[PDB]
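Inspection log for the structure reproduced underneath, given as structure tokens.
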Amino acid sequence: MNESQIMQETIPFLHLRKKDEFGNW
Amino acid sequence: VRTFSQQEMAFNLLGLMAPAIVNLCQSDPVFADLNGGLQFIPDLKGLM
């Protein structure tokens, strides 16, 4: 819900994604 | 969760029309979720 408050290695150049409960890829 | 009357929505909109926000817009585009928090009811169409 609020990532910004709570939190204030590698990703592949080619990746798939999935949708969050809050339609996020 | 909450649904609105038109007069309410107009109010809310006229809100973004107010000088405070208007100046925000002049420096930066404004997002403004005026959804009744339905952002949490998933498969809303199914529920309905």
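Which value, in Å³ per residue, describes the convex hull spanned by the Cα atoms of chain B?
Normalising the Cα hull of chain B by residue number yields 87 Å³.
Could you work out the equivalent-ellipsoid semi-axes for the protein assembly as shown, taking the square root of 5 times each eigenvalue of the Cα gyration tensor, largest first, in whole Å?
For the protein assembly as shown, the ellipsoid semi-axes come out as 31, 22, 11 Å.
For A:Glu3, what is the net charge nearby, where nearby means another residue's Cβ is under 15 Å from its Cβ and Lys, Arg count +1, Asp, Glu -1?
Net of charged neighbours comes to -2.
Using only Cα atoms, find the angle between the long axis of helix B:6-16 and the longest principal axis of chain B, and express it within 0 to 90 degrees, rounded to the nearest 10.
40
All of the numbers you see were taken from the coordinates with simple rules; none came from a lab. So basically every Cβ, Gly included, is an ideal-geometry build from the backbone, and we count neighbours across all protein chains shown.
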